[PDB]
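Order of listing sets the numbers, starting from 1, for every ligand and every atom in it. Nothing fancy with the numbering, it's 1 onward along the sequence. Values below: all heavy atoms of this structure, side chains included; hydrogens, waters and symmetry mates excluded.
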Amino acid sequence: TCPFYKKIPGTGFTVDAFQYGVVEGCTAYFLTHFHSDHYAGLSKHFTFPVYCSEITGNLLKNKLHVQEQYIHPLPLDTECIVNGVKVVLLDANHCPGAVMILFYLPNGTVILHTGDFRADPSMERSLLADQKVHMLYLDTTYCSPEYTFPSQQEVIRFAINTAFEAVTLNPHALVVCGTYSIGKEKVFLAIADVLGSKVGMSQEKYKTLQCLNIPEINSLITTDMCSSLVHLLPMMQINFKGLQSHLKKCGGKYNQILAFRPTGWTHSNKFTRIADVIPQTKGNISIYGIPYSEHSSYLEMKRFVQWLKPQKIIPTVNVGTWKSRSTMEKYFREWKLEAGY
Ligand code: NI
């Protein structure tokens with residue numbers, strides 16, 4: 001059964017609620033983004049209306065085979081009426097297609113659901129500038145001050161410079177990048193662009209990327225592994241065994257691998273600056289863990305919420321323990337006493 005923090009009071013709507021069967025009184029199911037924890041339950045057998053972005057809609061149709069008649073894509077930044085209620089979708093700065101949803105309730109209340117997001121100062125000049133929010137349903141993934149990490153731009157600068165140096169020193173090195181879901185595509189796209197290569201991958205992954213409305217994509221990716229010196233592999237293969245195994249398949253073209261494992265936050269962020277990051281190495285294989293996050297840092301979250309000044313906050317992540325819930329409520333009260341709302 002569907003938890004409270006996935007329901008929108010005074011509407012027939014739910015958000016990211018597909019794993020509970022038929023939800024009593026739900027006339028429209030919203031999907032914030034195409035990540036498995038959030039879509040859990042959708043398939044070709046689904047027969048209720050799904051509201052989402054264009055990109056999420058392309059993924060539902062081609063990857064999960066949801067029938068076209070039940071897919072309702074909405075443009076961003078545009079007032080839309082759904083089942084008699086005004087809604088707006090806003091870019092969440094998470095993975096491709098990910099949105100926040102603004103709901104203008106019939107009684108005058110205004111609710112923002114962030115989905116998953118990476119807060120940014122640019123969001124302070126969206127359609128949120130105008131107005132009051134009475135309830136914030138907040139992505140609290142990294143809601144504690146210990147969670148620090150660099151900007152995406154600094155992390156990509158590090159990856160580009162590391163890959164370009166290694167291949168210029170050795171033209172016979174291969175570069176490998178781990179993936180398991182959508183999101184973080186700048187990591188392998190930026191590396192391939194500096195090396196003058198297309199990105200090689202399986203047919204399954206190529207199909208997923210073809211759904212994402214990325215400009216000039218046909219010029220950037222391929223299923224012909226032999227033509228490419230940047231390869232994508234499932235994330236589970238990014239280890240010395242899996243990489244040795246991969247180098248055997250490449251027909252003596254290559255004598256070295258440099259691999260990247262994008263992660264979220266790890267505890268080595270508590271000590272090591274991005275500049276100072278070093279790899280794990282065995283023989284002719286080196287593996288870099290790089291902290292490329294698509295969720296808000298503590299400081300980014302705090303800034304956004306202090307700007308928005310919501311009357312009530314409902315967390316949607318880390319809700320399962322008394323200690324987590326208590327910790328988050330403590331920080332929401334500090335932020336409010338500090339800023340005066
Ligand atoms: Ni997500």
Would you call the rings of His33 and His38 parallel, tilted or perpendicular if under 30° counts as parallel and over 60° as perpendicular? tilted
When you check the gap from the basic side-chain N to the acidic O, do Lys302 and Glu338 get nearer than 4.0 Å? yes
A quick test of your reading: do over 12 heavy atoms of other residues, nucleotides or ligands sit less than 6.0 Å from CD of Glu68? no
Is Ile278 atom CD1 crowded by more than 12 heavy atoms from other residues, nucleotides or ligands, each under 6.0 Å away? no
Using a distance threshold of 2.8 Å, state whether an N, O or S atom of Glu294 lies below it from the Ni ion (ligand 1). no
Assess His94: does it contribute an N, O or S atom lying under 2.8 Å from the Ni ion (ligand 1)? yes
Among the N, O or S atoms that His35 has, which is closest to the Ni ion (ligand 1)? ND1
Would you say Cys95 reaches the Ni ion (ligand 1) with an N/O/S atom under 2.8 Å? no
Please name the atom of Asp116, limited to N, O or S, that comes nearest to the Ni ion (ligand 1). OD2
Looking at the Ni ion (ligand 1), is there an N, O or S atom belonging to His38 that lies under 2.8 Å away from it? no
Any salt bridge between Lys86 and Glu79, counting N to O under 4.0 Å? yes
